[PDB]
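Shown here is one chain on its own, the form deposited in one PDB entry, set out as structure tokens.
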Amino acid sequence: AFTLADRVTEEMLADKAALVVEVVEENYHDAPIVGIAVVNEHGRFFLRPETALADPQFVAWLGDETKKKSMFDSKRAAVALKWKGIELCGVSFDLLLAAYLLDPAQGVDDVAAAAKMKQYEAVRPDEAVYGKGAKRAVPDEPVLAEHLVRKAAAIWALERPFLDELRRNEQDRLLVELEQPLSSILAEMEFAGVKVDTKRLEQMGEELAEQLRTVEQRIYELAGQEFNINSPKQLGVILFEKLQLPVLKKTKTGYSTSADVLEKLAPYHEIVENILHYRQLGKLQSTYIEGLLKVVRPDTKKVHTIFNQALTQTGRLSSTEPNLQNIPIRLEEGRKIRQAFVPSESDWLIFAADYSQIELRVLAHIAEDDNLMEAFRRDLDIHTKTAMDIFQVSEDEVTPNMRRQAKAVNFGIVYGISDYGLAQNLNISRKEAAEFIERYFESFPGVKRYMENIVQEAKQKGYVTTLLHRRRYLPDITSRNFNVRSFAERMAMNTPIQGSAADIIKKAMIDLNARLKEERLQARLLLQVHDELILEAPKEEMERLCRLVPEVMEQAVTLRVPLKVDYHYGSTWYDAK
């Protein structure tokens, strides 16, 4: 039973409650709140949002940090309330983040999935209530209210079992002093958003458009025919049947036309380099020009990404609508779209600070490899130093190609890519790649020991852990299938590395947000991008930030090797280089 309340009453404002502030729009920025459920010691209550969000006692209760609330995905409700001018405080337990720390592979995205983890099933999955895709819709108040009360009652019942397992895993502080405080920082970053110079994007767009139609006209000429260049099937007919170009790699359906195999087909026909150029420009025009323009809010002229904090298996953040963690950087006209991200106020600047080789530094510390640790204590170029060791030469003898290959080995560790993957990246035979790895392990025997020990430890315990006690379970580690076991072994090696880097950057963000308020600076965190923090601040604060931000990031944790931060600022994201 539950009270479908018409008025907010004193008893709904207990100082501990499960709270549900339901936002059904996937993108919760400036999105409607469809209902409110409160469960506490005195009862279970459903509130209409027009009612509750106009009651000064309820609003005051939302914003009172000493009135503790338990929620599922508090950041969604916090941001939706931010857009209504209302602060949400006192969230002492977030069920979504608790479920994510306990087992990231469950894919827990609604209360029901988390509840299943504890054999609690008196709640429906959200897709059963709301529908899927097109037939998505808010149901009637009786149906809506019951579902919201049931989610709140589940949260109420589930806090204690979740906190108990968290404590057993030594993850209670990880939840309470890292992920939940970070969730507030992320909410504030999303709400603030990034200002976008839509005029320059549209200018870049009109320019790729004229360059696309030139190259595209060239392609039809070289094909002797018009076709959908965007359709890898049609393009595959033209390259491999009409032009008789050799088939170097097959895709599950037909012929691969990846930039991979196309570069190897370029000597055979001038159409290929044109297809590659069309691909590059169309990626930018469609995904980055047209994509970003679609999600700039015309009220703010800002993008307000949503950070997904309970998605990745490694503990990294992901971001959506737009995804600002894949904005081009390696090729120039790609990276020039970062010129479209500007400060949101005049006389402000963009400030970007990034960890230099944080994953390899984490590895040096976890593996305690004396050579790796020396390399970083000397602040060497790690790729040059790896090439020196692998190829047994002095620094003066490292050719760019030796460095490129040492860099690919290092990248292969940081991402745990397969031995077959190193051979594929370096376009070498699989055995040539094997003796590469071997040479590396002879130069870094501590990394080899770490590789072998962490795989044994994963087999033994069932999981691997990061510096801050995040864990990833690896059931596939015993599978009698080779490819399935290899990936699980590679995740055993890579997850403590990537996940520890992720932990460090999140602690950096927490420590930085406190120091900014402590220093009374107007600088604000805007974006985190796996290893980079991006802020905007008044011109007048750049100098204090050049000292402050790298200091906070480097001191976030004490490793056996220094942490190194590079930082830049400029009047756009591009120029913070």
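What we label the rigid core is the largest C-alpha set whose atoms superpose within 1.5 Å from one form to the other. When you see a residue number, it is the position in the sequence shown, counting from 1. Shifts are known only where both forms have a C-alpha.
One more form of this protein, deposited in another entry, exists but is not displayed; see below.
Among the candidates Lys250, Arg404, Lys301, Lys116, displacement between this form and the one not shown reaches 2 angstroms at the C-alpha for one position only, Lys250 (superposition on the rigid core). Once both forms are fitted on their core, a CA shift of 2 Å or more is seen for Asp419 between this form and the one not shown.
At a threshold of 2 Å in C-alpha displacement, with the core superposed and only residues shared by both forms counted, the segments of at least 3 consecutive residues that shift between this form and the one not shown are, in sequence order, 250 to 252, 414 to 419.
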